[PDB]
Structures are given as C-alpha cells and as structure tokens.
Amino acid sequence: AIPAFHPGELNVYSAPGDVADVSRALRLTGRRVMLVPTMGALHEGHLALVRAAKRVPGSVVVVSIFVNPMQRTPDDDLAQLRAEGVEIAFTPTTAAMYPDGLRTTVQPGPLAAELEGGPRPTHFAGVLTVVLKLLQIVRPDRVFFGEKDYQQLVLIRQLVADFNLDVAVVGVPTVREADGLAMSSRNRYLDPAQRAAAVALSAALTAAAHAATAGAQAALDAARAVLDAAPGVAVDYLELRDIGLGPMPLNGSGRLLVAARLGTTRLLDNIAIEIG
C-alpha cells in the first residue's frame, strides 16, 4: 500500500521507502519529480531552487532536509515550503539514512581535493554519498543545485556522468543581497564591519567579469585590487578555471572563484568570465 499523498499540501515523509514509494507512484501519474536537496535553515537562495523546480510543467517538488553529519529551523523551514507550494518534504533521521552506519561511500575524483577540499579533504565524499543516496531514494527527473557552491555543482555533474545516473542536473544562479553579497546562512554571523567588508568578494568578481575584455590577467588583477581594498578579508584562494574547473583555456568561457575568512566566518563566491 502506497503512503498517503495529499495533492497541493505539504506532505512530510521521514521514511526513505515512503518518499521512494510516493515518488514512484507520482511519476506513473505523469508528474515530473524535481528534487531540491537542502540542509534546512532555508533562505531566499533555497527558494530560488524551489521556484526553478516549480516551473517545470507537471513538476512535483521534493525538498529534502538532511544534515549529513558526513559533510536548523524545522517548523519554520516547513512553513516556508508550505508558503512556496512545495508538495513533499523528505526529512529522514541520520539512522534512516545510515541504518548500517558508514560503509560503502562515494570517492570523488581529484577535483574534490582542490579549492574547498583544501581545508575539508573529506567534505565532498560526504556530499556525493548523501546526494547519490537521495537520488536513488527519490529518483527525480531533475535535481537542483545552486551555483553558489560551484565546485559542489561540478562534482555532482561528475558523479552523474561517471556513474551513468539518469537525472538532469540543473544549476541555479546565486541569489544576492542588494549590494551583491551572495546569499548564505553564514552571512548572519558577520558583524557590521565584516558585513560591509564582505561586499568586496562580489565587487571583485563583477569587476573581473568586466575587466575580462582586457584578458585573463587584467580580470585577475582587478579582482585582487578590490579584495586588497577591504580590511579583515583573508583570501584563501582566487582562481580562474574553465567551466568544469580544469585549467582556464587561453580564450573562451571560465569561472572565477574566491573564498575568504572574515573573523571566523568563511565566505565563497564565484562568477562566469568570458575571456576577451
């Protein structure tokens, strides 16, 4: 017997096999299942993913909330999801995701050791294992991730290609505060001096994107100047790469990524770059 699903209401499932059965049942009725994996504590960046998922004709939206101890406002999160018209939240316990504990895992390729994988060398194994499981549980047609975590997005693309997964990955543009700051739950930690300084990440990247008519070095130099104009911004990296995070080709499309510490708070941003 398939668990109950009430059309047009928020249906909350914590049991994997439950959301699995409901997903499979809804797909046979001709809904297209869209998955938005989150860690909860939802903000406007998450809502962009949801809104993107909602506009696919026939879409039913699955938002997973799961703190992967391997890589929270429960009532508020659920309220926001209800306000967006989301029909399924999948909120499993750690024991339900890991009934046998840690055992078989995904091992990313060597991109997972670079950039963010510098200070967290196991972070992406954690993410890809949990995302592979969510994919196999919900079996969506499309899965939605933000460009805000660009390297995560590229690694998912690699998971999907390498394991021949039959889902479309959709990257959704970063949502930004009015001065450019990339939305993040970390932003709440910044004191006002840090918060005013934090705008340099996005200012650097937009400057670089426009300096880029003058070539790669002028884009990187402009970004670096803008960062160098901000106090208490400890840049961990500022790197121009190709779209898939290999090395930047001589001309063509790229991505510039930055990360920095402000006090104890780590911030990331990235942007598309066209060279020349």
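If you superpose the two forms and keep the largest set of C-alpha atoms that fall within 1.5 Å, you have the rigid core. Residue indices: 1-based, along the sequence shown.
Trainee: Please work out whether 40-48 or 243-251 has the higher root mean square C-alpha deviation in 9 other deposited structures of this protein relative to the shown form, with the rigid core as fitting region?
Mentor: Per-stretch check in 9 other deposited structures of this protein: the more divergent one is 243-251.
Trainee: Looking at C-alpha RMS in 9 other deposited structures of this protein with the core superposed, is it 114-122 or 199-207 that drifts more?
Mentor: Most displaced of the pair in 9 other deposited structures of this protein: 114-122.
Trainee: Compared with other deposited entries of this protein, is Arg72 missing coordinates in at least a third of those that cover its neighbours?
Mentor: Missing in at least a third of the others, so yes.
Trainee: Unmodelled residues of the deposited sequence between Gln71 and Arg72: none, 1 to 3, 4 to 9, or 10 or more?
Mentor: Count of unmodelled residues in between: 10 or more.
Trainee: Would you tell me which stretch averages the higher CA B-factor in the PDB entry, 10-18 or 255-263?
Mentor: Comparing 10-18 with 255-263, the higher average CA B-factor belongs to 10-18.
Trainee: Taking only the CA atoms, which stretch has the higher mean B-factor in the record, 42-50 or 227-235?
Mentor: Result of the comparison: 42-50.
Trainee: Among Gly126, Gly109, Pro121, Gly180, single out the one with the highest C-alpha B factor in the record, please.
Mentor: Highest CA B-factor of the listed options: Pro121.
Trainee: Looking at the C-alpha B-factor values in the deposited entry, which of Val154, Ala204, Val169, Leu190 comes out highest?
Mentor: Most elevated C-alpha B-factor of the set, per the entry: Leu190.
Trainee: Against its chain's modelled residues, does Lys133's Cα B factor rank lowest, middle or highest third?
Mentor: For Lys133, the deposited C-alpha B-factor lands in the lowest third.
Trainee: Based on the deposited C-alpha B factors for this chain, I'd like to know if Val63 is in the lowest, middle or highest third.
Mentor: Bottom third by C-alpha B-factor.
Trainee: Of the three thirds of its chain by CA temperature factor, lowest, middle or highest, which one includes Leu28?
Mentor: Its C-alpha B-factor, which the entry lists for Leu28, ranks in the highest third among residues of this chain.
Trainee: Using only modelled residues of the chain, where does the Cα B factor of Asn164 rank: lowest third, middle third or highest third?
Mentor: For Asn164, the deposited C-alpha B-factor lands in the lowest third.
Trainee: Can you work out whether the C-alpha temperature factor of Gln194 puts it in the lowest, middle or highest third of the chain?
Mentor: Ranked within chain, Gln194 CA B lands in the middle tercile.
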